[PDB]
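Protein chains in written order, with PDB author numbering: chain C, 1 to 175; chain E, 2 to 175; chain E', 2 to 175; chain A, 1 to 175; chain C', 1 to 175; chain A', 1 to 175. A prime marks a further copy of an entry chain.
Ideal Cβ positions, reconstructed from N, Cα and C, are used throughout, including at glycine.
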Amino acid sequence: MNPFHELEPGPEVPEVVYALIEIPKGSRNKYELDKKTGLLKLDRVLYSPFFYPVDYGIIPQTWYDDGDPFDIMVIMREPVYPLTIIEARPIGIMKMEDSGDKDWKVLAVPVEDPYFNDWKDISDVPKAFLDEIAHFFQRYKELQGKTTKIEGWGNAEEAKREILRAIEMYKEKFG
Amino acid sequence: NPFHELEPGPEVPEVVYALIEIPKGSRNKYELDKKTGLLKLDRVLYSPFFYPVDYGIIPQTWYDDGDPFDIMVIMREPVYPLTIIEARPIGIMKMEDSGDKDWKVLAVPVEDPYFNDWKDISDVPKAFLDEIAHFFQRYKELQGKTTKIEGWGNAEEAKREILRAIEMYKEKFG
Amino acid sequence: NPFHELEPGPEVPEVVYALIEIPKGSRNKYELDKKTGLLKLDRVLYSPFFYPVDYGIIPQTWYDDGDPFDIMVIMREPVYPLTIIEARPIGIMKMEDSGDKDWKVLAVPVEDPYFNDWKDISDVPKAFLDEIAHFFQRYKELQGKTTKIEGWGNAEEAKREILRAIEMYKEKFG
Amino acid sequence: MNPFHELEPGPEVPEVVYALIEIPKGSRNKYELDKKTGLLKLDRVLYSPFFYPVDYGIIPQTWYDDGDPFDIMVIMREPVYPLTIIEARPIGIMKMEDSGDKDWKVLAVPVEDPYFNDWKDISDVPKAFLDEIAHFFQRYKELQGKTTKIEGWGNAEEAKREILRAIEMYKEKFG
Amino acid sequence: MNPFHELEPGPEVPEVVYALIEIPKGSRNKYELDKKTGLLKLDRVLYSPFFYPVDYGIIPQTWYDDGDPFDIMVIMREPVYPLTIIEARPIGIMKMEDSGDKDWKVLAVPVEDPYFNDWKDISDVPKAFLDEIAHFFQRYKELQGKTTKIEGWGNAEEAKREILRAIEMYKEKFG
Amino acid sequence: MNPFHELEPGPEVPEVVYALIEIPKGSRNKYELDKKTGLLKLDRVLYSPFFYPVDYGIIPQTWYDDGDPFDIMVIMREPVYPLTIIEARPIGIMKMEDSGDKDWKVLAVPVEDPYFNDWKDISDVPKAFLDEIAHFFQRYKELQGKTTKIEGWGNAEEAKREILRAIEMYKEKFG
Ligand SMILES: [Ca+2]
Ligand SMILES: [Ca+2]
Ligand SMILES: [Ca+2]
Ligand SMILES: [Ca+2]
Ligand SMILES: [Ca+2]
Ligand SMILES: [Ca+2]
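In structure tokens, the structure reads:
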């Protein structure tokens, strides 16, 4: 069974969504979901000594403008294992373009860690942390000759808007 | 869902399967999603405690608290979530959590020769039993929940409860 | 011995040195050997709890409990024991341990821009303060010791106590 | 169901095969796929304080002379998680017998780590590294009283021929 | 200052000794104390994928027949850092010869971990654990062409005897 | 006191030098020796989620054009602890400028890991690995607004000449 197709986008969209984690914070290995089988697959080893600064994954049953499931980054104190489901509250969105593709990514916090109880919008995140995430996506494919453009951060309302768009796109492509 | 498809064990109740959800050393509490059988984050423990054992469930069991029967396996090196271990029950922790009978089997892996002579609760260092009981006594304290630890039962008692849980599953499901 | 040779800080009490003894995530409790200044195992915590912060002492301080003044530094990645960190005090945990005044400074590292806007106790998520207090409330429970947590003071109060501890050191030693 | 039966042997066999990893480098726990459910299973804890020196798994849809799927060892700088699929280039083969059975193992490098771009055959591997792998397999079951015999290393050409034979054996026995 | 010369052999010799740890359990790197300076030094990387099964170090102010400080192995649940002092209770001794040298090693438990409160003699240790330690020292230098002979285990009384011998030897060589 | 002043530059300079490690591979924390006490000090947390790709330290009793001890990078398979001494063979040198200062760094392999026995010059290192190290230094201070310039790599001969120059500079400035 392919988790991407079988799980709902979340229990209370768009206030609480499911994040299906593919890459735990601290990994230099970039994993993806195998399209056919739903197994974890190594996509590549990052060409530079950078690590994913957040737990990284996808929202099930979404589709985005770049022709992939919609990506979500979840701030976890202790990283989870790949293929773990996290109930996540979206708090913002990173706007960026990768080789002409709109490759925006939702930023979210776990609902069930009380540490983040007061994080509800992009302004609640330390600025240095946002910069470190943006710098990662700006440079992580530099040695592969790819250029990415970081366009800035959007707030929680914008993230939620985009999640609803992505859910609709999925329904139109597969349903 | 691995909970339904796997047998309770290759030689019940002397050897059961433990389906591990939480490796020793984790502060994240994981459970199985009941719809899909994927691992799911239940919560992050509110206190800086870590699971002192690999923690999971015995497949095709059901217990008084309306959940699969819990099992704790002592592993020298923790396994990954969703790993099956063949485990020998050596005892049982008796506890209530918010008025529900929430007993948990203590077990050792059959395939680690380190534990070959552990066969009953008396073979476990007492400081180690204390640390496990203390974990369950306090790990939900900041969530305002009360747990009562009632003590430890021996291997025979553990095995009786396993048989009871295997029967309860058959009733409720088929 | 690093405790005696290092100054209390480059800009007391706004910036102090923390000499780390125990990295976050350790179950082993380390201290400095007073004769040699080497790291020494004090004990293994009796319960499966881990230090929720990097834990150490402020050099050339002394406190009411007859020890160097304790400091807890919030580090995203833990450091190695015997590492010096430049730390900004943002608060103070008030607690008694077996009748001794055992207060501990809470601090953030100056050189991690993540914490640039943490300047007082109100900037810390309350769940995090709770988890620290809970650790010290229960970590010696199985050793039969009682600790009393009296609450948190703010940055100004922390800095006053640091000045007091720096003076106490000068009295007792030279 | 069971990734061993559902996945193809590789996207471009035998030049590029899939390695389905069961044991990450650094593990003292020896895991195997439960061939009923396809879940990871603990087979044993190694009796000696040795760790797997490579990420160890099987090639899907293969069968070998010893009556199990064909083993593959992938050199990863950062170990992956169990049940991860890696696209791998075979560069050689370890010839060994375990309890009288032909228990040969493919040695491979990941296609998507540029570090190994110039590793194409067995002669590209540091000799000390080949020795460490062989010594592990020579001794890891010694306290269990089993005997293994290390017969040496074959080159990439030989490894690829054996992969094709294993693919054929699977077809005859199941397909 | 050199810790080997400055620290006493222990607070209550031979019932409780100091172990100055050089190698934490799980390390493949073999560290030693630099003779001149007392700093940690890499001696070698073990040639095989084996890890030290115990925290490993020396007793300060001792000298043994093999012309080195007397070695001690401490069973720790969580490994310590190098150059950490542990108050340790000797419970046995491993008898072995390395290239003609008597290279016996004390086995000990930490006084301040209540897990080991009842471990007082060699018979309290699981047999499989003793075997795993012995197998490690039997084979860890095999690829270096060295042969070691394991002669067996002695009890707590014998360990204590040897500690007293080693303390006296030190006094005669340096004092 | 201060290992930087007490230790010799190496046992057989410039063929074999001592590397005194300050930062283990994998660290995002940047450590430096406190030049008053010789204790390890946190200099900064890197502003970006990058990790040191090598074990990083200094050669004792050296001084360089940028007014600090000469930097050395040691390739270790398993990282060591801070303040560990490694006997290292120089195989090359990274030429770079940091804020207008000549901040060149020796690249070296450990003498006592047989894995690197055949690494003797810069051409023996996989090109992707040299690129990853250079990219780290090109970008690791970008969010601090500092600029570094990577000028390329020199061979073992050049590295050894620079080591001798640094040893001489130390003598003139302190000795
Ligand atoms: Ca995308
Ligand atoms: Ca239960
Ligand atoms: Ca105190
Ligand atoms: Ca085989
Ligand atoms: Ca010896
Ligand atoms: Ca420099």
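Practice task
Please find out if some non-hydrogen atom of ligand 2 comes closer than 8 Å to the beta-carbon of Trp104 (chain E).
Solution key: yes
Problem - the stretch 36–48 of chain E': positions lying closer than 9 Å to chain C' by Cβ - result: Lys36, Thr37, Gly38, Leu39, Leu40, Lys41, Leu42, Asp43, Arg44, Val45 and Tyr47
Practice task
Write down the C-beta distance between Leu7 (chain E) and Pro60 (chain E) rounded to the nearest angstrom, noting that I regard them as a contact closer than 8 Å.
Solution key: 4 Å
Practice task
Indicate whether at least one CB of chain C lies closer than 9 Å to the CB of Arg139 (chain E).
Solution key: No, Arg139 (chain E) does not count as interfacial toward chain C.
Exercise for the section: May I ask which residues mark the beginning and end of the alpha helix (DSSP H) holding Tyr31 (chain C)? Expected result: Premise fails: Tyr31 (chain C) lies in the beta strand (DSSP E), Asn29 to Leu33, not in any alpha helix (DSSP H).
Handout entry: DSSP state of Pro90 (chain C') mapped onto helix, strand, coil
Key = strand
Practice task
Pick helix, strand or coil for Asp131 (chain E'), following the three-state DSSP scheme.
Solution key: helix
Exercise for the section: Use the C-beta contact count for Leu164 (chain E'): other C-beta atoms within 10 angstroms, 16 or more gives buried, fewer gives exposed. Expected result: exposed
Problem - Inter-stretch contact (C-beta, 8 Å, three-pair minimum) for the stretch 52–72 of chain A and the stretch 111–122 of chain E - result: no
Exercise for the section: Just the C-alpha distance for residue 203 (chain C') and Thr62 (chain E'), rounded to the nearest angstrom, thanks. Expected result: Limits of chain C' in this structure are 1 at one end and 175 at the other, which puts residue 203 (chain C') out of reach.
Problem - C-alpha gap between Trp153 (chain C') and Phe51 (chain C'), whole angstroms - result: 21 Å
Handout entry: Limits of the unbroken alpha helix (DSSP H) element including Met169 (chain A)
Key = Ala156 to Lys173
Exercise for the section: Count the other C-beta atoms from every protein chain shown that fall within 10 angstroms of the C-beta of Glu172 (chain C'), then say buried if there are 16 or more, exposed otherwise. Expected result: exposed
Handout entry: Under 9 Å between C-beta atoms of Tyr47 (chain C') and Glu132 (chain C')
Key = no
Practice task
Report the option in A:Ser123, A:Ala128, A:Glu168 and A:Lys146 whose CA atom is closest to the CA atom of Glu157 (chain A).
Solution key: A:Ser123
Handout entry: Unbroken stretches of the alpha helix (DSSP H), 4 residues or longer, contained in the stretch 5–68 of chain E
Key = none
Exercise for the section: Given a cut-off of 9 Å, decide if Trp119 (chain C') and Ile93 (chain C') are closer than it, judged by their beta-carbon atoms. Expected result: Contact flag unset, no.
Practice task
Measuring only between beta-carbons, confirm whether residue 190 (chain C) sits less than 9 Å from chain E'.
Solution key: With chain C represented from 1 up to 175, any question about residue 190 (chain C) goes unanswered, as that position is not in the structure.
Exercise for the section: Using a Cβ-Cβ cut-off of less than 9 Å, list which residues of the stretch 75–109 of chain A approach chain C; keep chain order. Expected result: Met76, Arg77, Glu78, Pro79, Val80, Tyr81, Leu83, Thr84, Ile85, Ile86 and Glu87
Problem - 7 Å Cβ cut-off: residues of chain A touching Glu132 (chain C') - result: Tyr47, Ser48 and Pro49
Practice task
Tell me whether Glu15 (chain E) is buried or exposed, calling it buried when 16 or more other Cβ atoms sit within 10 Å of its Cβ.
Solution key: exposed
Handout entry: Coil, strand or helix - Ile122 (chain C) by DSSP
Key = helix
Handout entry: Where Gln144 (chain C') falls, given that 16 or more other Cβ within 10 Å makes a residue buried
Key = exposed
Problem - Classification of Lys102 (chain A) by the beta-carbon crowding that lies within 10 angstroms, buried from 16 upward - result: exposed
Problem - Neighbour list for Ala128 (chain E) in chain E', Cβ cutoff strictly below 9 Å - result: Correct list: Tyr47 and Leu143.
Practice task
Measure the CB-CB distance between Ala19 (chain C) and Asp43 (chain C) and report whether it falls below 9 Å.
Solution key: no
Problem - Reference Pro53 (chain E'); option with closest CA among C:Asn2, C:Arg77, C:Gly38 and C:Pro3 - result: Shortest Cα-Cα distance from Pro53 (chain E') to any of C:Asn2, C:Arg77, C:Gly38 and C:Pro3 involves C:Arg77.
Practice task
Please go through the same chain and pick out, in chain order, the residues whose beta-carbon is closer than 8 Å to the beta-carbon of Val109 (chain C), but skip the five residues on each side of it.
Solution key: In chain order, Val74, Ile75, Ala88, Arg89, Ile91, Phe116 and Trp119 place their CB closer than 8 Å to the CB of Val109 (chain C), counting only its own chain and leaving out the 5 sequence neighbours on each side.
Handout entry: Assigned secondary structure, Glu112 (chain A') (DSSP; H/G/I helix, E/B strand, else coil)
Key = coil
Practice task
Starting from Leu7 (chain C'), find everything on chain E' with Cβ-Cβ shorter than 9 Å and list it in chain order.
Solution key: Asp34, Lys36, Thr37 and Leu39
Practice task
Return the chain-ordered list of same chain residues with a C-beta closer than 8 Å to the C-beta of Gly26 (chain A'), the five sequence neighbours on each side being excluded.
Solution key: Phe51, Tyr52 and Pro79
Practice task
Below 8 Å on the Cβ atoms is my guess for residue 1 (chain E') versus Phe137 (chain E'); work out the distance and round it to an integer in Å.
Solution key: With chain E' covering only 2 through 175, there is no way to say anything about residue 1 (chain E').
Practice task
Might you give, ordered along the chain, the residues of its own chain that have their beta carbon closer than 8 Å to the beta carbon of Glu151 (chain E'), omitting 5 neighbours on each side?
Solution key: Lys95, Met96 and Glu97
Handout entry: Same chain only: Cβ atoms within 7 Å of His135 (chain C'), ignoring 5 sequence neighbours per side
Key = So the list is empty, once near-sequence residues are dropped.
Exercise for the section: Check whether the Cβ of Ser123 (chain C') lies closer than 9 Å to any Cβ atom in chain A'. Expected result: no
Practice task
Check whether the Cβ of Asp66 (chain E) lies closer than 8 Å to any heavy atom of ligand 2, and answer yes or no.
Solution key: yes
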